Amino acid sequence: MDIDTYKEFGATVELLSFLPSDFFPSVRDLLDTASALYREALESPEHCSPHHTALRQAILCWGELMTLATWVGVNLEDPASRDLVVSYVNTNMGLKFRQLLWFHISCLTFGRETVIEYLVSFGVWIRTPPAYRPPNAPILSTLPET
Amino acid sequence: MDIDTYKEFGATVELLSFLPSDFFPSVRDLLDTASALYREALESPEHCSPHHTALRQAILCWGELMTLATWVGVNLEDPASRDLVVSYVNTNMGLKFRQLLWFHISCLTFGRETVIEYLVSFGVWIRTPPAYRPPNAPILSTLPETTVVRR
Amino acid sequence: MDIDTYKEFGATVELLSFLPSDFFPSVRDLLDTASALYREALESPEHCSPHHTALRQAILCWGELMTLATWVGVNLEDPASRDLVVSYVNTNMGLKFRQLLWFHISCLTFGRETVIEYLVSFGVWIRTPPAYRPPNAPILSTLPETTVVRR
Amino acid sequence: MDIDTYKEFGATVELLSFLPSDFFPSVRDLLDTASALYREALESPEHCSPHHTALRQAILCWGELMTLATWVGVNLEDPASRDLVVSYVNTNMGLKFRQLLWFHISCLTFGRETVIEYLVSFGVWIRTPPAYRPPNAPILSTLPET
Amino acid sequence: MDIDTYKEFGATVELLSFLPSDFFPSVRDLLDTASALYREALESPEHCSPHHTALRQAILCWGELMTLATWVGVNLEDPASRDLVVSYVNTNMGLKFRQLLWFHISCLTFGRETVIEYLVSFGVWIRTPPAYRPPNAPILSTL
Amino acid sequence: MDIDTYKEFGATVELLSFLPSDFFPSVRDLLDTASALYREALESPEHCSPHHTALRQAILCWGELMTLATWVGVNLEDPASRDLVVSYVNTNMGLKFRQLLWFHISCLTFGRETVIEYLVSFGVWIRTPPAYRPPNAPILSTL
């Protein structure tokens, strides 16, 4: 149907592919971040945000993929095919899901405009030659200056 | 976690368990209904409603599962394992997706209070033993079964 | 060019894909209905409505197809290919033209809002398994359900 | 001269052929209906309606056709030709005359707009497939609801 | 019914009989012009104008005819009859469809009054005897 | 990206497909026209108009291509390959560059609406069958 996950949130698959693929944290670290910070809001009977709705849907979708991986491991006898399917599920779809989780958790934490401008700035930084860019990689943080 | 995707809107997996498993239409029929009724809103850059957000997410996850099915059919050599994975993806993972799609498309078309009242009434109807069960099962509709609108 | 006939009219080619093939009268019955209800408006030199315009174009296309069918029957010596082409023209393209004629006549008769709500409710009905839906399909008519014309 | 019987009454030969040919009651039943309901108005020295005028003319015309049929039966010796002529008079012209009588009697009884909309509704009903139309055939009646 | 599709647009089959049969561009050229000029309005979900409605109908009708032609080419084993019917669908019906496409695209581009005056003037030009007929046939132009 | 340089100027590649490939003047004639008419504005330090900006860009891009051609002619010892690539740079890319130069010089000279109407009318003229096509092809003129 040609639907974009982010264009309702002001981003784009191309804008989130403008960052390196290995920049995004692991799916486990991102799920831990969500459960630590917004569990009581992701389990509440309220919307509270488009970010909360999208994050609920993404978490449940990843849970279904993980149950699929467990079912494959249990019900496929061929080791090569089982391993190929599990590796596909963990890598190919895992990358898209950690892009999604990073985007939504980071929005909820730091602000959507802040996250988008950080995407742009980091994408330009990773492409600027080293001798002519600030030496420290950009980073998001809520810790104020002292 | 224990998100329970429907309780954000006002139902539960237990309230949607009133409907049998084979009550829900095919995933193709539900995608056709979505693309026929709410395509221009599911493609827009606006937050239309929580149902639109959840529907975009669900359609994209189903697309991801279908790309996975295409990939396994292309790249797995073992035919038994290939068919097992594809059948699982198509049936067991598809059942939950057509439940979710039915709930969201119906809640968009007819309304949330109406869908919840319909779920309760269909629970009553399917609970009644078959001997005392009327033939007219409850149904969602915006027009009466006979629409005598002369002009 | 990816044109949708009904999108201009607020419907969609896949909204009307739920109506079964036996839901529509024959092309002859639909043309008789058109010529008996709106002939003095379809043959007038005025733009009456987009439904009138589309219905004139549909009637002219069906006329071209009928001349094609008779030409095939007359100039094709091979009985097998002759009847194959004639049957294709009469069934396959006949179904699309029955659908088009029905949509436009029903719009002109009942109102576009009414016919689109009816299409939605009939889709809801036809998507339900036979065990969970009322046995009487939703009906669109100008008559009361008792079909008695008083006054 | 290209004259239409009904177009002064708001109908058309094509609109009355939009109904099945066997739907219209017999000529005898229609003449009985006329003589029972509007005899004192069809014999009065007043117009009282275009429907009364057209019905008077139609009744007299059918009477002339029937006298023709009697004359043929009496003055034709050939049985095959006599039977062919009488059958023609009774069927081919009988159908047109019972269409005419039905239209005018039904107008006088139920209203002209009611009769025309009934023609349209019945023509659409007889063509709609059975599973998607109301099960009872439409009918005209002056009996109010209780 | 004798509906005469152009009667609502102010023409007739008698008025479009002024132009010869081989005057109209090919269906490919006409569909190219339509896609180049009015694609975004022919895909729009709006009654733009009766010409847009009739043009959508004509384009989808020609698409149905081309689907017929492909189906015949695949499912007719008899080569002679197959080629006969495909040639018919391409020429005999294509003529009427390029008449319709020419009329509606030209109306949309230049104006209905302009197209009708062009029809009258082309009738004059084609009626003039060859010795007194200017070599520049009439043409529709916005320039 | 499918940027389609003419979309901002109100044309498309579909609209400029009406004109045949061999209709456009040579790159030499187009650069001569540009230098004769708008040299003092193409050397000016001002945003005169989007056509001036695009024309400066196109002229410098063709200059870079000609520098490539000279460098190849000097530094490619292989005569066959050298002639192949120089002929490519002259014809295959020169075609697109004379399309671009024609469009922008004609827009600057005659008006954007005038150029678009000329494109439509030339489409009509080239679609007309040869028997009913006037011998005077459409032309852009201020006279």
# chains A, B, ... in the order shown; residues from 1 in each chain; ligands from 1
call {"tool": "select_by_dssp", "arguments": {"residues": "chain F", "states": "helix (DSSP H, G or I)", "output": "count of residues only"}}
result
101
call {"tool": "interface_residues", "arguments": {"of": "chain A", "to": "chain B", "cutoff": "9 Å", "atoms": "only C-alpha atoms", "output": "PDB file with N, CA and C atoms, in the first residue's frame"}}
result
ATOM      1  N   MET A   1       0.829  -1.198   0.000  1.00  0.00           N
ATOM      2  CA  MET A   1       0.000   0.000   0.000  1.00  0.00           C
ATOM      3  C   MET A   1       0.867   1.254   0.000  1.00  0.00           C
ATOM      4  N   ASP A   2       2.186   1.059  -0.014  1.00  0.00           N
ATOM      5  CA  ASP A   2       3.150   2.159   0.005  1.00  0.00           C
ATOM      6  C   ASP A   2       2.932   3.050   1.230  1.00  0.00           C
ATOM      7  N   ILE A   3       3.137   2.458   2.402  1.00  0.00           N
ATOM      8  CA  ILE A   3       3.016   3.162   3.672  1.00  0.00           C
ATOM      9  C   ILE A   3       4.408   3.343   4.255  1.00  0.00           C
ATOM     10  N   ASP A   4       4.660   4.522   4.814  1.00  0.00           N
ATOM     11  CA  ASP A   4       5.916   4.833   5.478  1.00  0.00           C
ATOM     12  C   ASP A   4       5.677   4.916   6.978  1.00  0.00           C
ATOM     13  N   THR A   5       6.515   4.225   7.749  1.00  0.00           N
ATOM     14  CA  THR A   5       6.343   4.215   9.196  1.00  0.00           C
ATOM     15  C   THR A   5       6.529   5.600   9.794  1.00  0.00           C
ATOM     16  N   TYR A   6       7.511   6.357   9.303  1.00  0.00           N
ATOM     17  CA  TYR A   6       7.973   7.558   9.982  1.00  0.00           C
ATOM     18  C   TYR A   6       7.359   8.845   9.454  1.00  0.00           C
ATOM     19  N   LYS A   7       6.825   8.851   8.236  1.00  0.00           N
ATOM     20  CA  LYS A   7       6.431  10.120   7.641  1.00  0.00           C
ATOM     21  C   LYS A   7       5.270  10.777   8.369  1.00  0.00           C
ATOM     22  N   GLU A   8       4.553  10.040   9.218  1.00  0.00           N
ATOM     23  CA  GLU A   8       3.613  10.684  10.124  1.00  0.00           C
ATOM     24  C   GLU A   8       4.328  11.321  11.304  1.00  0.00           C
ATOM     25  N   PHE A   9       5.533  10.856  11.624  1.00  0.00           N
ATOM     26  CA  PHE A   9       6.350  11.416  12.688  1.00  0.00           C
ATOM     27  C   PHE A   9       7.369  12.418  12.180  1.00  0.00           C
ATOM     28  N   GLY A  10       7.384  12.698  10.885  1.00  0.00           N
ATOM     29  CA  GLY A  10       8.266  13.712  10.355  1.00  0.00           C
ATOM     30  C   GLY A  10       9.623  13.227   9.914  1.00  0.00           C
ATOM     31  N   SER A  35      11.592  -0.899  28.516  1.00  0.00           N
ATOM     32  CA  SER A  35      11.001  -1.455  29.728  1.00  0.00           C
ATOM     33  C   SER A  35      11.445  -0.700  30.971  1.00  0.00           C
ATOM     34  N   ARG A  39       7.707   1.595  30.780  1.00  0.00           N
ATOM     35  CA  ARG A  39       6.882   0.397  30.910  1.00  0.00           C
ATOM     36  C   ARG A  39       5.485   0.745  31.406  1.00  0.00           C
ATOM     37  N   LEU A  42       3.653   2.222  28.448  1.00  0.00           N
ATOM     38  CA  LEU A  42       3.403   1.302  27.354  1.00  0.00           C
ATOM     39  C   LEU A  42       2.446   0.192  27.743  1.00  0.00           C
ATOM     40  N   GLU A  43       2.193   0.007  29.034  1.00  0.00           N
ATOM     41  CA  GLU A  43       1.217  -0.972  29.481  1.00  0.00           C
ATOM     42  C   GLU A  43      -0.076  -0.340  29.973  1.00  0.00           C
ATOM     43  N   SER A  44      -0.168   0.975  29.977  1.00  0.00           N
ATOM     44  CA  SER A  44      -1.363   1.622  30.483  1.00  0.00           C
ATOM     45  C   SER A  44      -2.479   1.581  29.443  1.00  0.00           C
ATOM     46  N   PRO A  45      -3.744   1.646  29.883  1.00  0.00           N
ATOM     47  CA  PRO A  45      -4.887   1.672  28.962  1.00  0.00           C
ATOM     48  C   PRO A  45      -5.199   3.065  28.424  1.00  0.00           C
ATOM     49  N   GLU A  46      -4.177   3.737  27.907  1.00  0.00           N
ATOM     50  CA  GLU A  46      -4.325   5.047  27.295  1.00  0.00           C
ATOM     51  C   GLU A  46      -3.378   5.135  26.112  1.00  0.00           C
ATOM     52  N   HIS A  47      -3.708   6.009  25.161  1.00  0.00           N
ATOM     53  CA  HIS A  47      -2.803   6.227  24.041  1.00  0.00           C
ATOM     54  C   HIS A  47      -1.551   6.962  24.496  1.00  0.00           C
ATOM     55  N   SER A  49       0.355   8.990  23.328  1.00  0.00           N
ATOM     56  CA  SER A  49       1.172   9.500  22.231  1.00  0.00           C
ATOM     57  C   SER A  49       1.112   8.606  21.000  1.00  0.00           C
ATOM     58  N   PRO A  50       1.287   9.184  19.815  1.00  0.00           N
ATOM     59  CA  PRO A  50       1.576   8.360  18.636  1.00  0.00           C
ATOM     60  C   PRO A  50       2.835   7.548  18.803  1.00  0.00           C
ATOM     61  N   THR A  53       1.842   4.511  20.818  1.00  0.00           N
ATOM     62  CA  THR A  53       1.119   3.557  19.979  1.00  0.00           C
ATOM     63  C   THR A  53       2.068   2.795  19.058  1.00  0.00           C
ATOM     64  N   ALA A  54       2.947   3.521  18.363  1.00  0.00           N
ATOM     65  CA  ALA A  54       3.883   2.877  17.449  1.00  0.00           C
ATOM     66  C   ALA A  54       4.853   1.971  18.193  1.00  0.00           C
ATOM     67  N   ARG A  56       4.254   0.356  21.121  1.00  0.00           N
ATOM     68  CA  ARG A  56       3.510  -0.846  21.482  1.00  0.00           C
ATOM     69  C   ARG A  56       3.428  -1.805  20.303  1.00  0.00           C
ATOM     70  N   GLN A  57       3.039  -1.289  19.134  1.00  0.00           N
ATOM     71  CA  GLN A  57       2.909  -2.147  17.960  1.00  0.00           C
ATOM     72  C   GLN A  57       4.244  -2.768  17.573  1.00  0.00           C
ATOM     73  N   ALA A  58       5.326  -1.990  17.633  1.00  0.00           N
ATOM     74  CA  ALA A  58       6.636  -2.513  17.265  1.00  0.00           C
ATOM     75  C   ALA A  58       7.099  -3.591  18.233  1.00  0.00           C
ATOM     76  N   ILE A  59       6.898  -3.375  19.534  1.00  0.00           N
ATOM     77  CA  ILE A  59       7.296  -4.377  20.516  1.00  0.00           C
ATOM     78  C   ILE A  59       6.534  -5.677  20.290  1.00  0.00           C
ATOM     79  N   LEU A  60       5.222  -5.588  20.061  1.00  0.00           N
ATOM     80  CA  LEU A  60       4.450  -6.810  19.845  1.00  0.00           C
ATOM     81  C   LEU A  60       4.855  -7.507  18.551  1.00  0.00           C
ATOM     82  N   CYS A  61       5.155  -6.734  17.508  1.00  0.00           N
ATOM     83  CA  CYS A  61       5.585  -7.324  16.246  1.00  0.00           C
ATOM     84  C   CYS A  61       6.916  -8.051  16.403  1.00  0.00           C
ATOM     85  N   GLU A  64       6.338 -11.300  18.094  1.00  0.00           N
ATOM     86  CA  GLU A  64       5.849 -12.323  17.174  1.00  0.00           C
ATOM     87  C   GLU A  64       6.980 -12.894  16.329  1.00  0.00           C
ATOM     88  N   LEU A  65       7.892 -12.042  15.856  1.00  0.00           N
ATOM     89  CA  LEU A  65       9.055 -12.555  15.129  1.00  0.00           C
ATOM     90  C   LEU A  65       9.900 -13.478  15.999  1.00  0.00           C
ATOM     91  N   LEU A  68       8.227 -16.747  16.262  1.00  0.00           N
ATOM     92  CA  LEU A  68       8.490 -17.443  15.006  1.00  0.00           C
ATOM     93  C   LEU A  68       9.868 -18.085  15.009  1.00  0.00           C
ATOM     94  N   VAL A  72      10.636 -22.011  14.695  1.00  0.00           N
ATOM     95  CA  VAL A  72      11.511 -22.558  13.663  1.00  0.00           C
ATOM     96  C   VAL A  72      12.568 -23.447  14.295  1.00  0.00           C
ATOM     97  N   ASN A  75      10.733 -26.723  15.423  1.00  0.00           N
ATOM     98  CA  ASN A  75       9.984 -27.529  14.468  1.00  0.00           C
ATOM     99  C   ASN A  75      10.663 -27.690  13.115  1.00  0.00           C
ATOM    100  N   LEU A  76      11.882 -27.192  12.939  1.00  0.00           N
ATOM    101  CA  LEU A  76      12.655 -27.456  11.731  1.00  0.00           C
ATOM    102  C   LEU A  76      13.790 -28.407  12.077  1.00  0.00           C
ATOM    103  N   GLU A  77      13.879 -29.514  11.342  1.00  0.00           N
ATOM    104  CA  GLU A  77      14.918 -30.501  11.617  1.00  0.00           C
ATOM    105  C   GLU A  77      16.212 -30.179  10.878  1.00  0.00           C
ATOM    106  N   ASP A  78      16.118 -29.552   9.710  1.00  0.00           N
ATOM    107  CA  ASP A  78      17.303 -29.222   8.931  1.00  0.00           C
ATOM    108  C   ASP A  78      18.110 -28.137   9.633  1.00  0.00           C
ATOM    109  N   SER A  81      18.927 -24.971   7.206  1.00  0.00           N
ATOM    110  CA  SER A  81      17.764 -24.130   6.939  1.00  0.00           C
ATOM    111  C   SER A  81      17.292 -23.425   8.204  1.00  0.00           C
ATOM    112  N   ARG A  82      17.272 -24.138   9.332  1.00  0.00           N
ATOM    113  CA  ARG A  82      16.909 -23.509  10.596  1.00  0.00           C
ATOM    114  C   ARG A  82      17.825 -22.333  10.899  1.00  0.00           C
ATOM    115  N   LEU A  84      19.710 -20.603   8.788  1.00  0.00           N
ATOM    116  CA  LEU A  84      19.521 -19.528   7.822  1.00  0.00           C
ATOM    117  C   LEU A  84      18.302 -18.686   8.170  1.00  0.00           C
ATOM    118  N   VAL A  85      17.193 -19.333   8.538  1.00  0.00           N
ATOM    119  CA  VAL A  85      15.984 -18.587   8.869  1.00  0.00           C
ATOM    120  C   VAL A  85      16.186 -17.763  10.134  1.00  0.00           C
ATOM    121  N   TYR A  88      18.420 -14.817   9.385  1.00  0.00           N
ATOM    122  CA  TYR A  88      17.661 -13.803   8.663  1.00  0.00           C
ATOM    123  C   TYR A  88      16.803 -12.991   9.619  1.00  0.00           C
ATOM    124  N   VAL A  89      16.022 -13.677  10.456  1.00  0.00           N
ATOM    125  CA  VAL A  89      15.124 -12.992  11.382  1.00  0.00           C
ATOM    126  C   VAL A  89      15.904 -12.054  12.293  1.00  0.00           C
ATOM    127  N   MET A  93      15.624  -8.352   9.632  1.00  0.00           N
ATOM    128  CA  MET A  93      14.498  -7.679  10.260  1.00  0.00           C
ATOM    129  C   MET A  93      14.903  -7.019  11.570  1.00  0.00           C
TER     130      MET A  93
END
call {"tool": "interface_residues", "arguments": {"of": "chain E", "to": "chain C", "cutoff": "6 Å", "atoms": "only C-alpha atoms", "output": "PDB file with N, CA and C atoms, in the first residue's frame"}}
result
ATOM      1  N   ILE E   3     -27.600   7.320 -28.485  1.00  0.00           N
ATOM      2  CA  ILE E   3     -27.171   8.351 -27.542  1.00  0.00           C
ATOM      3  C   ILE E   3     -26.278   9.432 -28.147  1.00  0.00           C
ATOM      4  N   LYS E   7     -23.329  14.703 -28.562  1.00  0.00           N
ATOM      5  CA  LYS E   7     -24.456  15.626 -28.512  1.00  0.00           C
ATOM      6  C   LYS E   7     -24.409  16.488 -27.259  1.00  0.00           C
ATOM      7  N   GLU E   8     -23.945  15.925 -26.145  1.00  0.00           N
ATOM      8  CA  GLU E   8     -23.827  16.703 -24.921  1.00  0.00           C
ATOM      9  C   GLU E   8     -22.680  17.697 -24.977  1.00  0.00           C
ATOM     10  N   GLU E  43      -6.058  10.961 -13.152  1.00  0.00           N
ATOM     11  CA  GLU E  43      -5.956  10.115 -11.974  1.00  0.00           C
ATOM     12  C   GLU E  43      -6.551  10.761 -10.733  1.00  0.00           C
ATOM     13  N   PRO E  45      -9.208  12.174  -7.977  1.00  0.00           N
ATOM     14  CA  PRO E  45     -10.536  11.765  -7.512  1.00  0.00           C
ATOM     15  C   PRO E  45     -11.536  12.915  -7.485  1.00  0.00           C
ATOM     16  N   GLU E  46     -11.775  13.524  -8.642  1.00  0.00           N
ATOM     17  CA  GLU E  46     -12.655  14.678  -8.728  1.00  0.00           C
ATOM     18  C   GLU E  46     -13.317  14.728 -10.093  1.00  0.00           C
TER      19      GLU E  46
END
call {"tool": "interface_residues", "arguments": {"of": "chain C", "to": "chain B", "cutoff": "12 Å", "atoms": "only C-alpha atoms", "output": "ChimeraX atom specification"}}
result
/C:4,6-7,10-18,105-149
call {"tool": "interface_residues", "arguments": {"of": "chain F", "to": "chain E", "cutoff": "9 Å", "atoms": "only C-alpha atoms", "output": "list in words"}}
result
residues 12, 13, 14, 15, 17, 18, 114, 115, 117, 118, 120, 121, 122, 123, 124, 125, 127, 128, 129, 130, 131, 132, 133, 134, 135, 136, 138, 139 and 140 of chain F
call {"tool": "write_last_selection", "arguments": {"atoms": "C-alpha atoms", "output": "PDB file, in the first residue's frame"}}
result
ATOM      1  CA  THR F  12       8.371  17.617 -18.163  1.00  0.00           C
ATOM      2  CA  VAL F  13      10.479  15.168 -20.110  1.00  0.00           C
ATOM      3  CA  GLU F  14       7.132  13.868 -21.376  1.00  0.00           C
ATOM      4  CA  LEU F  15       6.209  17.308 -22.720  1.00  0.00           C
ATOM      5  CA  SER F  17       9.238  14.350 -25.919  1.00  0.00           C
ATOM      6  CA  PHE F  18       6.811  15.870 -28.431  1.00  0.00           C
ATOM      7  CA  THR F 114       4.788  30.798 -25.109  1.00  0.00           C
ATOM      8  CA  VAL F 115       7.287  27.927 -25.073  1.00  0.00           C
ATOM      9  CA  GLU F 117       2.068  26.431 -25.933  1.00  0.00           C
ATOM     10  CA  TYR F 118       4.636  25.906 -28.687  1.00  0.00           C
ATOM     11  CA  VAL F 120       1.692  21.551 -27.286  1.00  0.00           C
ATOM     12  CA  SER F 121       1.185  22.862 -30.825  1.00  0.00           C
ATOM     13  CA  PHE F 122       4.273  21.058 -32.121  1.00  0.00           C
ATOM     14  CA  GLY F 123       2.935  17.873 -30.577  1.00  0.00           C
ATOM     15  CA  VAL F 124      -0.272  18.405 -32.548  1.00  0.00           C
ATOM     16  CA  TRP F 125       1.666  19.106 -35.749  1.00  0.00           C
ATOM     17  CA  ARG F 127       0.910  13.813 -34.530  1.00  0.00           C
ATOM     18  CA  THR F 128      -1.141  14.867 -37.559  1.00  0.00           C
ATOM     19  CA  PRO F 129      -0.888  12.229 -40.309  1.00  0.00           C
ATOM     20  CA  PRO F 130       1.324  13.276 -43.226  1.00  0.00           C
ATOM     21  CA  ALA F 131      -1.534  13.793 -45.689  1.00  0.00           C
ATOM     22  CA  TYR F 132      -3.250  16.398 -43.483  1.00  0.00           C
ATOM     23  CA  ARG F 133      -0.135  17.950 -41.943  1.00  0.00           C
ATOM     24  CA  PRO F 134       0.577  21.532 -43.050  1.00  0.00           C
ATOM     25  CA  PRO F 135       4.038  21.971 -44.585  1.00  0.00           C
ATOM     26  CA  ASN F 136       4.755  24.965 -42.325  1.00  0.00           C
ATOM     27  CA  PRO F 138       5.304  25.554 -36.013  1.00  0.00           C
ATOM     28  CA  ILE F 139       7.994  28.100 -35.225  1.00  0.00           C
ATOM     29  CA  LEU F 140       8.717  30.499 -32.385  1.00  0.00           C
TER      30      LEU F 140
END
call {"tool": "decode", "arguments": {"residues": "region 77-98 of chain E", "atoms": "N, CA and C atoms", "output": "PDB file, in the first residue's frame"}}
result
ATOM      1  N   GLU E  77      -5.905 -20.768 -30.682  1.00  0.00           N
ATOM      2  CA  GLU E  77      -4.905 -21.583 -31.359  1.00  0.00           C
ATOM      3  C   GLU E  77      -4.961 -21.386 -32.867  1.00  0.00           C
ATOM      4  N   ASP E  78      -6.143 -21.111 -33.403  1.00  0.00           N
ATOM      5  CA  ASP E  78      -6.298 -20.904 -34.836  1.00  0.00           C
ATOM      6  C   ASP E  78      -5.596 -19.615 -35.256  1.00  0.00           C
ATOM      7  N   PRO E  79      -4.495 -19.691 -36.010  1.00  0.00           N
ATOM      8  CA  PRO E  79      -3.722 -18.481 -36.320  1.00  0.00           C
ATOM      9  C   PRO E  79      -4.458 -17.517 -37.235  1.00  0.00           C
ATOM     10  N   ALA E  80      -5.121 -18.039 -38.271  1.00  0.00           N
ATOM     11  CA  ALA E  80      -5.816 -17.164 -39.209  1.00  0.00           C
ATOM     12  C   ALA E  80      -6.926 -16.381 -38.520  1.00  0.00           C
ATOM     13  N   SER E  81      -7.804 -17.075 -37.792  1.00  0.00           N
ATOM     14  CA  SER E  81      -8.881 -16.391 -37.087  1.00  0.00           C
ATOM     15  C   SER E  81      -8.333 -15.463 -36.013  1.00  0.00           C
ATOM     16  N   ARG E  82      -7.275 -15.890 -35.320  1.00  0.00           N
ATOM     17  CA  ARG E  82      -6.673 -15.048 -34.293  1.00  0.00           C
ATOM     18  C   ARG E  82      -6.189 -13.733 -34.884  1.00  0.00           C
ATOM     19  N   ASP E  83      -5.443 -13.801 -35.987  1.00  0.00           N
ATOM     20  CA  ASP E  83      -4.959 -12.580 -36.618  1.00  0.00           C
ATOM     21  C   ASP E  83      -6.106 -11.743 -37.160  1.00  0.00           C
ATOM     22  N   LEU E  84      -7.144 -12.386 -37.702  1.00  0.00           N
ATOM     23  CA  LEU E  84      -8.311 -11.647 -38.174  1.00  0.00           C
ATOM     24  C   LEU E  84      -8.921 -10.814 -37.056  1.00  0.00           C
ATOM     25  N   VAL E  85      -9.160 -11.433 -35.901  1.00  0.00           N
ATOM     26  CA  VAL E  85      -9.844 -10.721 -34.828  1.00  0.00           C
ATOM     27  C   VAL E  85      -8.932  -9.681 -34.183  1.00  0.00           C
ATOM     28  N   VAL E  86      -7.628  -9.958 -34.063  1.00  0.00           N
ATOM     29  CA  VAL E  86      -6.739  -8.937 -33.512  1.00  0.00           C
ATOM     30  C   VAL E  86      -6.650  -7.739 -34.450  1.00  0.00           C
ATOM     31  N   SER E  87      -6.563  -7.983 -35.759  1.00  0.00           N
ATOM     32  CA  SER E  87      -6.551  -6.879 -36.710  1.00  0.00           C
ATOM     33  C   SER E  87      -7.848  -6.087 -36.644  1.00  0.00           C
ATOM     34  N   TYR E  88      -8.980  -6.772 -36.464  1.00  0.00           N
ATOM     35  CA  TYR E  88     -10.241  -6.057 -36.302  1.00  0.00           C
ATOM     36  C   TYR E  88     -10.199  -5.155 -35.077  1.00  0.00           C
ATOM     37  N   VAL E  89      -9.822  -5.713 -33.924  1.00  0.00           N
ATOM     38  CA  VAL E  89      -9.799  -4.934 -32.687  1.00  0.00           C
ATOM     39  C   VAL E  89      -8.845  -3.754 -32.812  1.00  0.00           C
ATOM     40  N   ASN E  90      -7.786  -3.904 -33.607  1.00  0.00           N
ATOM     41  CA  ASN E  90      -6.820  -2.818 -33.721  1.00  0.00           C
ATOM     42  C   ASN E  90      -7.289  -1.723 -34.675  1.00  0.00           C
ATOM     43  N   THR E  91      -7.893  -2.086 -35.807  1.00  0.00           N
ATOM     44  CA  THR E  91      -8.262  -1.100 -36.820  1.00  0.00           C
ATOM     45  C   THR E  91      -9.710  -0.629 -36.696  1.00  0.00           C
ATOM     46  N   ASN E  92     -10.672  -1.551 -36.783  1.00  0.00           N
ATOM     47  CA  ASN E  92     -12.067  -1.151 -36.943  1.00  0.00           C
ATOM     48  C   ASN E  92     -12.595  -0.445 -35.701  1.00  0.00           C
ATOM     49  N   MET E  93     -12.268  -0.961 -34.518  1.00  0.00           N
ATOM     50  CA  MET E  93     -12.684  -0.302 -33.285  1.00  0.00           C
ATOM     51  C   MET E  93     -11.714   0.798 -32.888  1.00  0.00           C
ATOM     52  N   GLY E  94     -10.434   0.619 -33.220  1.00  0.00           N
ATOM     53  CA  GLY E  94      -9.458   1.652 -32.953  1.00  0.00           C
ATOM     54  C   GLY E  94      -9.776   2.954 -33.653  1.00  0.00           C
ATOM     55  N   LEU E  95     -10.434   2.887 -34.812  1.00  0.00           N
ATOM     56  CA  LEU E  95     -10.813   4.109 -35.515  1.00  0.00           C
ATOM     57  C   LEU E  95     -11.787   4.937 -34.686  1.00  0.00           C
ATOM     58  N   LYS E  96     -12.871   4.316 -34.223  1.00  0.00           N
ATOM     59  CA  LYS E  96     -13.824   5.037 -33.390  1.00  0.00           C
ATOM     60  C   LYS E  96     -13.186   5.506 -32.094  1.00  0.00           C
ATOM     61  N   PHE E  97     -12.273   4.714 -31.531  1.00  0.00           N
ATOM     62  CA  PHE E  97     -11.680   5.139 -30.270  1.00  0.00           C
ATOM     63  C   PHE E  97     -10.702   6.286 -30.457  1.00  0.00           C
ATOM     64  N   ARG E  98     -10.009   6.360 -31.593  1.00  0.00           N
ATOM     65  CA  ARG E  98      -9.168   7.525 -31.813  1.00  0.00           C
ATOM     66  C   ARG E  98      -9.970   8.741 -32.245  1.00  0.00           C
TER      67      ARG E  98
END
